[PDB]
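Examining the three-dimensional arrangement
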Amino acid sequence: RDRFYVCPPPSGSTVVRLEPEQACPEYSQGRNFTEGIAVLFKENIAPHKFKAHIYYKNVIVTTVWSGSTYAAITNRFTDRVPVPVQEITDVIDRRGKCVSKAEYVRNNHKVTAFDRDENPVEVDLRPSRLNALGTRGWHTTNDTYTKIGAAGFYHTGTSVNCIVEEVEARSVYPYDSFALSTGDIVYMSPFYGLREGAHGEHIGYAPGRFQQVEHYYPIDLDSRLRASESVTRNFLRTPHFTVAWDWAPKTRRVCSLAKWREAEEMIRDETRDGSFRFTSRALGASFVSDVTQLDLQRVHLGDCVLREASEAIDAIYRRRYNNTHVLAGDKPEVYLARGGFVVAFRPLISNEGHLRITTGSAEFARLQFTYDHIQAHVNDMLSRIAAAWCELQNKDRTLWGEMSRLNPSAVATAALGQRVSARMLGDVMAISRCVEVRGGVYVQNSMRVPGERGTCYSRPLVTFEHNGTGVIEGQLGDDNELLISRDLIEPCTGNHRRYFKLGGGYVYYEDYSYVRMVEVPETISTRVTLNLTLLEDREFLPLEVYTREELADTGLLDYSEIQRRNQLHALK
Amino acid sequence: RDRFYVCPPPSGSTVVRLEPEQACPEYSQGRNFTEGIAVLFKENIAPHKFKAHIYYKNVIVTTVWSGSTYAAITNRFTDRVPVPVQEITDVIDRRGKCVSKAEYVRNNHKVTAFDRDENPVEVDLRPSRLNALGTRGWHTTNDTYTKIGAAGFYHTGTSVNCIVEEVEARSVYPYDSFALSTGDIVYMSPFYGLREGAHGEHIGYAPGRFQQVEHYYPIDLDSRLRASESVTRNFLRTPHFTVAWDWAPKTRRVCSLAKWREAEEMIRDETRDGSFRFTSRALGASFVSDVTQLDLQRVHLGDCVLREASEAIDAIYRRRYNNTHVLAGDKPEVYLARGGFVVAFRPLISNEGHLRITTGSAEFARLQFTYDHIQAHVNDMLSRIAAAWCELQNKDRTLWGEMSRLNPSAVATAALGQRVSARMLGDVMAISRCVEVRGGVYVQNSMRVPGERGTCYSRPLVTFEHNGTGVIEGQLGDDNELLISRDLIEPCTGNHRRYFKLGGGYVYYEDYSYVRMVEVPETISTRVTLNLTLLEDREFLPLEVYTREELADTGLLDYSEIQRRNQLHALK
Amino acid sequence: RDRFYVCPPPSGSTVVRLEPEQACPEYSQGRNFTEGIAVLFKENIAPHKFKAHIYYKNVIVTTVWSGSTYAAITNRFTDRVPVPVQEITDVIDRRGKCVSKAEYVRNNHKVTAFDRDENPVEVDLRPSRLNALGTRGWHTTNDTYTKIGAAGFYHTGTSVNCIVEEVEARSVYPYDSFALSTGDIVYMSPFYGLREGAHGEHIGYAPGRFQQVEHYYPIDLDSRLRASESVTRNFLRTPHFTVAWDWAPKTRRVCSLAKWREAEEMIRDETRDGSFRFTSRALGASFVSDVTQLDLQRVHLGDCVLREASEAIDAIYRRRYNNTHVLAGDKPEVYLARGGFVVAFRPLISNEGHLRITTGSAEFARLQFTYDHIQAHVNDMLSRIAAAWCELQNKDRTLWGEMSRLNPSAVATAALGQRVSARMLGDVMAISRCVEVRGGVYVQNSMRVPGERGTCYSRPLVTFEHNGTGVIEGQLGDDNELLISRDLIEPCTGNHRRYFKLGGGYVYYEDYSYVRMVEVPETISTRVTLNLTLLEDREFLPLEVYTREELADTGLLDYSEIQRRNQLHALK
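1. Some words on the relation of the copies chain B and chain C
Take chain B, turn it by 120°, move it 0.0 Å along the axis, and it overlays chain C with an RMSD of 0.0 Å. When the rotation and shift are considered jointly, the pair of chain copies conforms to a three-fold rotation axis. Relative to the rotation axis, the C-alpha of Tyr 559 of chain B is the closest in chain B, positioned 3.7 Å from it.

2. A look at the pattern of salt bridges
Within the structure shown, the criterion is met by 120 salt bridges over all chains. The residue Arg 405 of chain A makes a salt bridge to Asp 478 of chain C at a minimum N-O spacing of 3.6 Å. Of this pair, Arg 405 of chain A sits in helix α4 (residues 363–406) while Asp 478 of chain C sits in the loop between β30 (472–475) and β31 (489–491), placing the two residues on different chains. Classification of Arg 405 of chain A as partly exposed rests on a relative accessible area of 45%. Given a relative accessible area of 35%, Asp 478 of chain C falls into the partly exposed group. Among the salt bridges present, the one from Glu 391 of chain B reaches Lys 395 of chain B, with a minimum N-O distance of 3.1 Å. With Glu 391 of chain B and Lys 395 of chain B both in helix α4 (residues 363–406) and four residues apart, the pair spans about one turn of that helix.

3. Overview of the interface of chain B and chain C
Often the size quoted for an interface is simply the accessible area lost on bringing the parts together. In this complex, chain B contributes 130 residues to the contact, which on the side of chain C involves 121 residues. Roughly 11,100 Å² of surface becomes buried between chain B and chain C when both sides are summed, with 59% attributable to carbon and sulfur atoms. Per-residue buried area on chain B facing chain C is highest for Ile 524, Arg 527 and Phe 540 of chain B; these three make up 8% of the total on that side. At the junction of chain B with chain C, the criterion picks out 14 salt bridges. Among the salt bridges present, the one from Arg 366 of chain C reaches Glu 363 of chain B, with a minimum N-O distance of 2.7 Å.

4. Overview of the nonpolar core
Formed by 87 residues in total, the largest nonpolar core has its most connected members in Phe 287 and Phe 341 of chain A, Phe 287 and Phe 341 of chain B together with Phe 287 and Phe 341 of chain C. Residues contacting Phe 287 of chain C, with those up to four places away along its chain left out, are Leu 40, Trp 260, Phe 276, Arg 277, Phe 278, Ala 337, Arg 338, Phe 341 and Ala 365 of chain C. In this structure, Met 403, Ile 431 and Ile 524 of chain A together with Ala 422 of chain C belong to the second largest nonpolar core, which totals 43 residues.

5. Some remarks on the pairing of strand β22 (residues 333–337) of chain C
Regular strands place side chains that alternate from one sheet face to the opposite one. Residues and elements named next belong to chain C. The buried fraction of β22 amounts to four of the five residues, a majority that puts the element mostly inside the structure. Bridging between β22 and strand β23 (residues 341–350) involves five bridges; their strand directions are antiparallel. Considered in β23, the bridge of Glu 333 is made with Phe 345. Two successive antiparallel strands, β22 and β23, enclose a turn made up of three residues, where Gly 339 displays a positive phi of approximately 95°.

6. Section: the pairing of strand β16 (residues 231–237) of chain B
Residue and element names in this part refer to chain B. The element β16 is largely enclosed, with a buried count of six among its seven residues. Bridge count for β16 against strand β17 (residues 242–246) is five bridges, and the pairing is antiparallel. By the bridge assignment for β17, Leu 236 is matched with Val 243. Counting the residues in the hairpin turn of β16 and β17 gives four residues.

7. Examining the domain arrangement of chain A
Split into domains, chain A comes out as domain 1 (1–9 + 435–522), domain 2 (10–32 + 359–434), domain 3 (33–46 + 253–358), domain 4 (47–252) and domain 5 (523–572). For domain 4 of chain A and domain 5 of chain A, the distance between their C-alpha centroids amounts to 49 Å.

Rules of the game
Residues numbered from 1 in each chain as written, not as in the entry; some residues may be left out. Chains lettered and ligands numbered in written order. Heavy atoms only, no water. Least-squares fit on C-alpha atoms. Salt bridge = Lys/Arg side-chain N within 4 Å of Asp/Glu carboxyl O. Helix = DSSP H or I, 4+ residues; strand = E, 2+ residues; numbered from the N terminus. Buried < 20%, exposed > 50% of the residue type's maximum accessible area, 1.4 Å probe, protein only. Contact = heavy atoms within 4.5 Å. Buried area = accessible area lost by both parts, 1.4 Å probe. Core = buried A, V, L, I, M, F, W, Y, C linked by side-chain atoms within 4.5 Å. Pairing = 2+ DSSP bridges. Domains from an automatic or database assignment.

Structure below.
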C-alpha cells in the first residue's frame, strides 16, 4: 500500500535548475622510473679462512714397572714441542727429514729429549695413514718407545715424533687472532707483517717468536716441488708448536660486506621526501634507501663492493643489453637500503663512521614489494573506475535536460527523492511539494463522458477525500497522483482494454467500463546486474619449517651437553 | 546481414510492467575500535648472566732428569686446588695476600704442597698481564719451580700458584646449575641460599662445601676499597676451586618472558567468536588473541611483564598523549596472542599451568596485517561501487518509464534482448514477438504517392515476401522492421535527401526517388570507455639472506669438527 | 562567461550514424581444480639417534710422598681401558660382576693393572649416585687406592674402576661415524654388520676390534631380566673402551626426508607451461611444482615418504571423507615443489641423481599464497565490473537513439564534446559546426509581437553581431545558441513568468516584458555519487623476533669463547 498524492500547481516560489556537468578527476602523472642493473651486498658474517702448516714434535715419556708375570704403565706424559724455523727451512724443506731430538724451553729451562733415548739422527718424513674427511700430515715414527722389562724396577721410556700437518685456519672479526683445525688459538693477526703498514696489527707474543721469510717457495712434502711463484711466509714459534702461513695485505683478503644477489631487471623510483625504492620482479623485494649515496669510505673494509659490483654488472650488460642500452656515468652508484643492505646500481640508457648489521631476514623487503605492487594496481584501476563514472554522469545529464521538457516533474522527483510537482518557466524549473491522501478513495465504473458521445475520458474518474471522511471530484494521474480538473479526454475507440495504477494493484477497464482489479505478476527489467562478493577472512597461523630447537640439534656434538655430563664423575 | 522483422499487433495476451526500483545494499556499521598503548613480550631464550670470582691454587709438580749435557722433563703434573673460605676472607680480602701452601683432600686423603718446597709464607697478590677481550685476574708467582740439576738422578719440583679470577657466569632454564667463563660447571642453583624460601633450590653437593656470608663487603683487589653497600655472598668449595657470587632472590633476577617491541599506535578490534586483533602500523603486524585475559599467575616467573610494561607504557603517555587522552582502568590488560606473544595493552580515552614457546618468527603476524589491510580496503571500495551501481540503476528507471510512452516497443526489446512489438494499455504493456523475413526483399524507386500530388511517403515502399518466393505490399520501418499498412505520409518538400536502413547497408533517396546504396563509414558514440587490465602473475622464488650452513660457520671454532679431527691420532 | 553560438543549417556534407552496440568481454572458463589430501616433507637435518653402552675400566695410578708432617701427591695418571667382549657376555651379563684387573695393550705392549695392587677377584657392579638429567651407570669401586704412608719414600698406588654406562648415540649424514653422550667419536657406521649388504659400510678399524653377536638378549643390570625378543649386537673394542649397540638395516632407520605438515584441504591447480600449484588455506602456503612426478628412486633414502604419507593420508580419509569422497589411483602422487619441499598428494573423488636442500624458510610459499589469493579476487570482481559497464553502455544506447529524434543536435554535441548542429536525414544524421559570437549581444525589453495581438514570442529577441561591432536580427535559443529566423511564436497567456539563459546568468520576464537579471543559487542533481579513496602507503620496517646474536647466546657454554680464554695462561 503506497501513497496517493495531490500536487498543487507549482508557482515561482521555488525556482531551481539542473546541476551542470562537473570536472572529472585526473590521475597522477605516472611515476618516474630509472631502469638498470644492481648488485645486493649483505653484512659479511663469514670468518676469514686460510691454509697453514703446523710443525711440532710429540714428546711422550712413559714409565713402566716390570715384574713377575706382568708389566704395568705407571705413567705416560705427552707434550707437544715446537720445531725451530731453521730446522723447517734447512732440514724439513731442503732435505725432507727431521732431527730425532727436540731442544725446547719448558718452565724457563732449556731442556731436551731423545727418541728411544739414543743419539740425534735425521729421520725421513713419511706420510700418515688416511682420512675420513681429513687433511694431509707427516710423521717420523709409527710407535712410542717404552721400557724393556727384566723384572725389578721402573724404567722410563722417551719417544719423540716429528709431525708436520696441513691445517685449515679461521679468523673472525676483527681478525686480531686466528685458530687452527686442530683446536689451537694463535693470539695474533694473520695479516701482521713487517711491511709498510702491517706492523700495526695485533701480536700477543715476544717478537723473537715471530719471523718473516720473503721469497719463500712452499716445498710440497710428498712428491717434491718448490715450485713456481714465491711467497712471504710467516713463522710463529709457540710453546707447543710452530705455525707457518702466507702473509698477504689485509685490505685485499677480507671485506666487511659480501655479494648476496644480482638483479638484472632492477627498478629505482623516487617519491616523497627523498626516498629511492629499488624493486626486483625476479627477487620479489623492495628496498627503500635515501637519495644520498653511501660514502663507501666510511666503511671499514668495503673495497670488494665496487670490485665485485662492476664485475657482475658488466658481465650482465654484455649478456643482455649491449645492443639496446648503455651504461650510465662511469662508476656505479651506491646506496644504503633499509635493513642493512647495500645497493650498487648502474642506470640503463637506451641508445635513443659506523658499520652495517644486515638483518638475517629480508622479509620486510618482500612484504614491501607485495603490498607496493597490489596497492599500485588497485589504485590505478579504481581511479579508472572513478573517472569513467564521472564521465558517465556528465554524459547522462544530456538525457535529463531533455526529459525536464516532456516531464520536469518526474525528473525533479527522482533527483529530490520525494514527490514534487514541477514545470518549466522557460529555462528554469518551478517546484512544489505533493500532499498525501488516504486509501479511502473510490473509482467509478464509468469512463464515458456523459455530456458527449464520441469523446471519452482517457484515465479513470475518482472521488478522493482530503481526509478519510469527505468528497472532491477529480481524476487519476500517473503513479497514484490524484488530479482535480477532469479534462483528460479522448475520442472513443473499439477494442478498448485498459489497465491503471491504484496503490499496489491495478484496475482493468474494457470498453470504457470498470471490470476488475488485477495483479501484475509479469515484470520487465532494464537493469544491468552486478553481483560483487566480498573478500573472505583468512587466518595466517604460525608456520615455521624448522624450529630453533631442531636448528641447534643438527650438530654431531654439543660442547655444553658433554661438559654437562663429564664432571658428574662424582660417580662412574 | 542482419534480419528483417514483421511485428504482429500486440494483443492483451501477454501483459507486463516495468520492474520497480529495488532496495540498495547497505554497508557494515563500521568496526568498533579501541586505541591504546601496548608492549610485546617474547619467550626469554637468554641465559641468566651474573658476575663471580674463582679462587684456586695451581699445583704443578714437575720431575726432571739432569745428565751429562742436558736436562729432560720426565713429568709435569698440574692440578687445581680450592682456597678455603677463611683464607679468602681473612687473608685475600683483609690483607691481599695468600699462603704459599695448599692443604687439600685428594683421593679421600688430606695432602699438602709447598711452593719451591719451602716453608709457608704469605705472598702478595699481583695483577696479571693482560687482555685481548679478557677479564681481571691475580696470581702470586710468575714461574714454576723445577729441579736444580747436578747430574745424577730425578729431582721432583713443586710449584704452587695462588690465583683469583673475575669470571662471567651463565645459567640457563631452569637454573639448577650454572657455568663459568673458564669452562667449569657448578651443579647448583645460583639462587640457592638459606633464607626464607631459597633453601628449596638445587644443590649437588655436601652442605659443608656451601656456606653463606651475610653483610659481606666485596673488597677490590687492586686499588683497595670495600666499599659501600653490603652483599650476601655465596661460597662453594669444589675439589678444584672455590667460587663466590652474590646471592639474590630468584623471582627478582629472572623472567620467563622478555620485552620485545613497544607500540605507541596500537589498535585492538573485536570481531566474531571472541577474538581480539592487535595491529600496529609502525610494526606492520597483527596479533590475534582471545577476549579473556591471561592469568599471569599461571606463568612461572612472569613478574617482569607488568613491571616493565607499566614502565614503558607510562613513559610514552607522558611523551605523546597526556594532554589529549587518559589511561584506562588502573593496571594494563594482558592477552596471549597467537604465536606465543604476550600483549600488555592499556586503552586510551580522549578527555572528551603451562609456559609459552615464542616462534622465532612473527611472519604470520605481518602476513595477517598485510592481507587484513588490503582486504579491508578493496571490500570497502567495492561495496561503494556496488552501492552506486544500484542507485544509478534506480535513477535510470525514470528515463525508461518515460521512453515506454513514446516508444514502448524499443524499451521492451532492449529489456528482453529480443525483437518484440509492444504498446501501452494505459499503465501497462502489451507484448508480442517479431517474425523474421528473408533477404529476398525489394525496394521501389518511387516514394511519391501516386493517388495524390503534394503528399509523399515518408519511408520507402517495399514488397516483402513471407518466404523467399511470394509477395505482400508494405513499407519500411525502423531497424529493418517491415510494416504492412502504407500510411506513413508527409507533405512533399524541396531539398529532399534521405537515408534508410537496409540489412547492413543504407539506401539513398534524392527528391523522393531512389538513387543508390550507401555505406556509413562515419560513426558517433555516446559511450564512456573503461579499460581495466588484469593483475599479472608474480613468481615468489625462495629468497634467504643467510642459509643455515652459513649461520653455523660463523663461529671461530667448531667443537664437533675439532674432536672429529683430534682422535685420528691413530696417526700423526 | 561561456560562449554564444550560431549554428549554420546542417547540409548532407557530413553524414554520421550512432555507433552500434558492441560485444561485451567474457570471463575465463574458471580454473580447473583437483581436491585432495597431501603431506609435506622437508629435508631431514636431524642426526640419527640410538641407544648404546660403554664398557671401560678406569686406571688411576697415583704416587704419593709421605714425610714428617704431611703427604703430597706427586702424580696422578688416569687412563681408560677396554673391557673384552667375553668379559661382557660371560661376567657382566651372565653374573653381574667384573674382574678387578685390566689386561690391555698400550704402546704396542701387553700390560696389566690391579685394583689395590692385589689379586684378581670378581667384584659386583653397583649403581651410581644420580642424575641432574643424567642416564644410568655402574661401577665397582667408590674410591681410588693410594699410598699408605710411613715417612720415607714415594709409593705408587694403583686403582681400577670397572664402569658400564648407558650412553646416547648420534650419527649425522652420511653416517659413516657416530658419537656418544660422553664426547667420544667412533669412526664407523652404526649400520655396519656382516649381514647381506651391510659389510659395505665404513669401518676405520681392524676387523678384530669389531665383532657381532646374534641372538643376544640385552640383560638389564640392576634388577635383572634378559628379556623377551633378541637382538643382533655390535661390539667395538677401542683403545679406551668398548661400545655395544643394536645393529639394524640402514634403509629402515634413516630417511633423507622428514614429514613436516599435513594438509586436509589441499588444492592442486594446473595453469600454463606445466605447473601445479598446491595451496592450503589452513597452512597459508602455495607450492609450485612441475607436472612430472618425482621419481622417488632418484633419492638416497627416501622410503619413509610413501610409508608415512600413505599412513597420515589414510588416517584423515577415515576421519573426514569416507562417506563423501574416495581415494584416487592406488598410491599417492609425488612432486618436487619449489624450495625443496616434497608433496605427496592423493586426489579426492566424490562418490558421484641429486638430493634436496630444503630452505629453512617457506616465506615464498606464503607470499605466493597471499598474492595469488588477492590477485584472484580483484581480477574476478574487476572483470565483473568491466562486463556490467559494457552491458550498461549497450542498453543506454536505446535511450540515445530515441533522443536523436527529438533532439539530434544535443545528442551529437554530447558525443562529440563540441557544439554541433544536426538533424535527421531519415535514418542518418547530418552534422555541422557552431561558430562563436561575442559578449556584445543585446536583449530587448519586448517579447510581444508588434504585428499581431494575441500571439507573442516564446523566447527573447536579440540583436547579435558577427563581431563586436555590427548588427543582425535573431532570437535566443537553448544553451546560448543565437538563432536567426524569428518564428518561435505562441499565443499570449496571463500569469506569465519566464527565465532564459544568458552567458552565465539568466534573465527574467514578467507578462512578456523584460524585468531583471537573476542568479540561480538553487540547483538540482540527477547524479549518483561515488567517493572512492586511495589505498595509503605503508612502511614495512625490518621486524625480527630474535637476532642471530641472541640465537647463538642461548647455549650454556661457548666452546669458542672458552678456548679463547683457557690459553691466555700466559698468565694466571
